[PDB]
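Shown next, in structure tokens, is the structure this report addresses.
4 protein chains.
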Amino acid sequence: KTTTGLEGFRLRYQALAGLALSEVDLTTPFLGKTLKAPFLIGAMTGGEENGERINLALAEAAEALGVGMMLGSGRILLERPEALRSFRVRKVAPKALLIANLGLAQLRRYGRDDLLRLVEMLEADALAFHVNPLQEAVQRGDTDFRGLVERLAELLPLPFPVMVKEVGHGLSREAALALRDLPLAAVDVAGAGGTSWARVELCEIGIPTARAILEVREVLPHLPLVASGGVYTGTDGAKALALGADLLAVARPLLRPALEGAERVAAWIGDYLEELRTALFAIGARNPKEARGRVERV
Amino acid sequence: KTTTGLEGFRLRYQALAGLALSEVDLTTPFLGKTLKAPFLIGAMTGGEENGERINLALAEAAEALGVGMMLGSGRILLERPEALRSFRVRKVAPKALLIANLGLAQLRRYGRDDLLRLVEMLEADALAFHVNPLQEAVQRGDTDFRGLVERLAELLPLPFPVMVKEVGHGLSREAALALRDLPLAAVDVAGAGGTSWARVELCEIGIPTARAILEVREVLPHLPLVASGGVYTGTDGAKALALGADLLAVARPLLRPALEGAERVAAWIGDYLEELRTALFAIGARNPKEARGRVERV
Amino acid sequence: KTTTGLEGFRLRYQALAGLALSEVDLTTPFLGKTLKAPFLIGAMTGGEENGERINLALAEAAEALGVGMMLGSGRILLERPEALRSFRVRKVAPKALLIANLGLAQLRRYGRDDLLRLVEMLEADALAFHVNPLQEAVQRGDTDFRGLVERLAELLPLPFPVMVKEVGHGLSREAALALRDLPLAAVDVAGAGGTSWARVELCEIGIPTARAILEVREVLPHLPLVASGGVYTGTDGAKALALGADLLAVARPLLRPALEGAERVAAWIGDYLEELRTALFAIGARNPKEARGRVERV
Amino acid sequence: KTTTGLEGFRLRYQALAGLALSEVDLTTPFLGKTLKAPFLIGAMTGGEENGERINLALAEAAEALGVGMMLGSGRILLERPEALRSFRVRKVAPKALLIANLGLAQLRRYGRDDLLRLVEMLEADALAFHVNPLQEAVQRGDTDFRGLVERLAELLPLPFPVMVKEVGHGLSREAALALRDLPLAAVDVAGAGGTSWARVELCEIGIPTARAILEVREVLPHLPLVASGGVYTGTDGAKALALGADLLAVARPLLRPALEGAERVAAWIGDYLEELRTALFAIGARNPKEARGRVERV
Ligand SMILES: Cc1cc2nc3c(=O)[nH]c(=O)nc-3n(C[C@H](O)[C@H](O)[C@H](O)COP(=O)(O)O)c2cc1C
Ligand SMILES: Cc1cc2nc3c(=O)[nH]c(=O)nc-3n(C[C@H](O)[C@H](O)[C@H](O)COP(=O)(O)O)c2cc1C
Ligand SMILES: Cc1cc2nc3c(=O)[nH]c(=O)nc-3n(C[C@H](O)[C@H](O)[C@H](O)COP(=O)(O)O)c2cc1C
Ligand SMILES: Cc1cc2nc3c(=O)[nH]c(=O)nc-3n(C[C@H](O)[C@H](O)[C@H](O)COP(=O)(O)O)c2cc1C
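Chains as they are written, first to last, in the entry's author numbering: chain A, 23 to 222, 235 to 332; chain B, 23 to 222, 235 to 332; chain C, 23 to 222, 235 to 332; chain D, 23 to 222, 235 to 332.
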């Protein structure tokens, strides 16, 4: 019932922009490594049956496409060092940009050494902390979110790039304010409009992705932003970039192809990127950064 | 065809608000007694068959949940002192906050002693006068509403707290103006959007609850306000509170569970409050009062 | 596909207005006689079979309700003095306010004496000229509308009150401008939203009644205005009055009851007026004139 | 899913404008010849089977109605001088205004002499260059659009009038900017809302005709503009003219009648023009130029 808000925007088509489709470059460095496109495979947990199966389809595809990939919560990896193989993905993705995952609420039960061990076990290149009071609140799970930001601030200068994200309910402007002084490497807005890790009566609460991207960019103008949350088409990707994002992330829609092998995942991402490439071209932008502003309301 | 208007508002979700769900306190003193939640069971008459049956289900639940309860018009109690047992509810609700009810149009046929007798017979803690020109007008009932406010003003300083309410068609800003100098204890906006005591072609007339809450708060900034009229979910409750209300009231939806015993009523209110609690938490509010303003348009 | 626009307005319900339904007076003098309500039976031609039958049902009802009545084009009466009995209605409506009708385009084929003869034959109290370039244009009929206003200006000071009206496509503000210096007795806005005498691909052209009432009132603030064109309910009547009208007129919906006798017509008008009376009461207005402004957008 | 935007506008009906339908003159000179109406038959290619068949139905009709006609891309005529008869239409349309067609992207493979030969072979009166990066991009065709405008600027002073057009995706204001200094004879906005030569997931990109007409007129106030792209009714034609256009063009809808002979095409255009004539009349405009501004929003 709640959309991303991107349908309330129009890409500014430029018939006489004078570009050559081949001129558009999607190359975009992120978190230390250089990506072939401003795309990330969203974080996903799912089941322990298909777990390892899915991660390897995504990772392999990611490696082929030169795209980044966020792993699901390594939470269990701390307590169950045996579910290590379920995530170990470097075997099929040796050079890809991998981002470890963990709930920010875990900072009260895990210290620096645990964080280092997690990304080291996974051979990850960065760590993303997800914060989801709403989800954990509705699930009567762990609802104490006090001092987490201050707890991260203490730790923050870490040996690898660190980022923060929501899980489909979005980050508001005052949320970006709370992150303003932290030396983060990036932020994933993860707004409402697509799927909610919580859903998978109160699920009307949340911030539309389009809205989140605008609010967060205003507060953190210089930080690299990841637009995710129902940003399912290359066209929507371009809109997100024009509103202020730097990277796009897709999770849910990738489940289907992930169960049918890397070839299918790779194809999905491929349609999305080629579609993104046409949009930037039609927009007069020669790269993701140039898409900024080339969008209007109504 | 006419909504409360609350769908035109968005709760401002705060992922990084830094609260613990357990930190949100719903305790709110009202009309002399202290409630466990800012909730009231709306006034209802219905039939003489189920009459006593329903009141006792509501009252008992109210007592268990620490919530307030408005009784239906005690009109008949004045003329028929035998329908006394139909309302006598203290038997099952000894400490709850009970609010006697009576049409403001009755002030022309009843004096001070009658008002005192009514709340004393009911062992009520306050008296609420409902004013419904539209309803009585459409029902060709008693349509003379002259001098009622002046009549109440004369009486007003009474031995117990007194309030005024509509019945599903709402109170406008100029209505709040007419109540401005009266020493009332509270006001129930009772707007359009849910059910109309009148309905239960002209029923398009009326003021949307969301609209009424805004208008009345502007005129009576310091007075405690009750938002009612299709405020059926905890989410809608939070929106009402953020727009300016202090208490929520639900009537109609409570009929079903009231006919199936207190256990069912209590469960309904329970879902509503726990749902309200999540919303305040998701909003960054630690209590009803803090919800104020944490809502935006569109 | 095009509405009156009145659905985009909300009557301002006044719970504490302090009126008595019996206090609202609909009496409104118009074109020389005093009406019991600000209502007129719209002009209608139809067929020559039911012609006389319908006029007598309307006229009789009009007489009973103290309402005005506009006759259909007396055009044929000029050329065919035998269709005199088809309109002769005084037999059943001796004191009612009757308004003769004639296309403004006829001023080029008829002079003063013809106009006097027409209203005298009909025993009418006034003459209304309808101007419908669109309708006659679509019907490839007589489309020369040059100098008609100047032609009426020359004649205008007539022995009886004269007015101008459209036929369901509305009068714009610049239209009111063209009528500004004429000594007219009243104007019927007759906008789009209900039925079009033309309809009974281009019928999207026209001005919504709500829109016409606003535009014309702005240009002719002091002149009495008749709101017509899909103003089918008492509620819509009140809205029209609050937007600036002084009288309401309904045509089409009256056909059905007119074929079933005066008793049915009279009943229809009766529901409409009693419904109008409730609305003014709910609005805080004690008469049609006081309804002005008691309406808001959205 | 994307409309022209013309539905968001209302023609300003003028009941008292004082015109005679016969007073409205559609005569409008364009590209050197004088048209009986501000109408052009849009450019269409289609198939090689019906090719010649369709062109002759359109051309013949154009000749009868005194309207202009744009031919499909003469691209093939350059390489295949045998498909000359497929376009040769003067046989049935000796005096009509014919406009040769060619993709602007061809300027990199064709020089002045080739352009002269093309219009001379076709016995055309002007040349229209269509620019469609989006279409060619989605069709993985020729996507290099660099230096085309500068290439045309060099050539531009040609022996005949030259114009530029899109193909159903529209020209933006910055597009008009890129054409600002070129000595063009006219511009065809060809916006989104009707059909896209490309369509015949990314086809949401583009500029609504209504929007394009406004943007382009603002940048090129003095240049004659052609509104096309789902401008299928005379009413829509009038709206386009009131927004700023000078000529209307319809392509797709003309296919059906073109396959059933000139008589059918001629009839279609005939309904459209007579419908356009009524609209200007209803609007108070005595010709296409006077329609300007006689339209409002909402
Ligand atoms: C099955 C499923 C599992 C998920 N697991 C995680 C997880 O472990 N960690 C995390 O930070 N987000 C997780 N998410 C959230 C996504 O990374 C992110 O919120 C995203 O915005 C939702 O997918 P998207 O909008 O394409 O649909 C999960 C989402 C889904 C649907
Ligand atoms: C069956 C029924 C009986 C009611 N009886 C009373 C009554 O005696 N006194 C009163 O002040 N309001 C009465 N109301 C009005 C409600 O207290 C109040 O207007 C409310 O806003 C309508 O319920 P709510 O919006 O949840 O649905 C009654 C409403 C219903 C549906
Ligand atoms: C069958 C029919 C006949 C009409 N005849 C006349 C007529 O003779 N003269 C006139 O001025 N208007 C005539 N009208 C127009 C109405 O008086 C007026 O335009 C009105 O706004 C249309 O009815 P209303 O909106 O309730 O539906 C006629 C309308 C209808 C439907
Ligand atoms: C079958 C078809 C063939 C077309 N061929 C050409 C062409 O050769 N050259 C051109 O410039 N435009 C061509 N167009 C585009 C139209 O001239 C123009 O874009 C128009 O706006 C689309 O038709 P309209 O909106 O009525 O529907 C073609 C369109 C269609 C549907």
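All C-beta atoms, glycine included, are put in the ideal place defined by N, C-alpha and C.
Classification of residue i by the beta-carbon crowding that lies within 10 angstroms, buried from 16 upward
| i | result |
| --- | --- |
| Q161 of chain C | exposed |
| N72 of chain C | exposed |
| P103 of chain A | exposed |
| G263 of chain A | buried |
| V299 of chain B | buried |
| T165 of chain A | buried |
| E85 of chain A | buried |
| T49 of chain A | exposed |
| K273 of chain C | buried |
| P60 of chain B | buried |
| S44 of chain D | exposed |
| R131 of chain B | exposed |
| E158 of chain A | buried |
| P155 of chain A | buried |
| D136 of chain B | exposed |
| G163 of chain B | exposed |
| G69 of chain B | exposed |
| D203 of chain B | exposed |
Own chain, CB closer than 6 Å to residue i, minus 5 neighbours either side, in chain order
| i | result |
| --- | --- |
| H152 of chain B | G125, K187, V189 |
| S108 of chain A | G73, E74 |
| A279 of chain B | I247, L259, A261 |
| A296 of chain D | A79, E82, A83 |
Bridge partner(s) assigned by DSSP for residue i
| i | result |
| --- | --- |
| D210 of chain B | B:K187, B:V260 |
| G304 of chain A | BP columns for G304 of chain A are empty, so no partner. |
| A283 of chain D | D:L62, D:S262 |
| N72 of chain D | Note: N72 of chain D sits in no beta bridge, so no partner. |
| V111 of chain A | In DSSP, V111 of chain A forms no bridge with anything. |
| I121 of chain C | C:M92, C:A148 |
| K55 of chain C | C:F52 |
Own chain partners of residue i with C-beta closer than 8 Å, once the 5 adjacent residues on each side are dropped
| i | result |
| --- | --- |
| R195 of chain C | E249, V250, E252, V253 |
| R32 of chain D | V329, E330, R331, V332 |
| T267 of chain C | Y306, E309 |
| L106 of chain C | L99, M143 |
| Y35 of chain B | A316, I317 |
| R311 of chain D | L43, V46, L48, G268 |
| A220 of chain C | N154, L156, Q157, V160, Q161, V189, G190, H191 |
Near ligand 6: residue i beta-carbon under 6 Å from a heavy atom
| i | result |
| --- | --- |
| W219 of chain B | Ligand 6 is not part of the structure shown, which contains ligand 1, ligand 2, ligand 3 and ligand 4 as its ligands. |
Other residues of its chain near residue i: CB distance less than 7 Å, five sequence neighbours each side excluded
| i | result |
| --- | --- |
| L206 of chain D | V184, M185, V186, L257 |
| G327 of chain B | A276 |
| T25 of chain B | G215, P242 |
Check whether the region 116 to 124 of chain C touches the region 47 to 55 of chain C, taking contact to mean three or more Cβ pairs, one atom from each stretch, closer than 8 Å.
yes
Counting pairs of Cβ atoms below 8 Å between the region 292 to 312 of chain D and the region 76 to 84 of chain D, do you hit three or more?
yes
Closer than 8 Å is the cut-off here; do at least three beta carbon pairs connect the region 236 to 245 of chain D with the region 177 to 187 of chain D?
no
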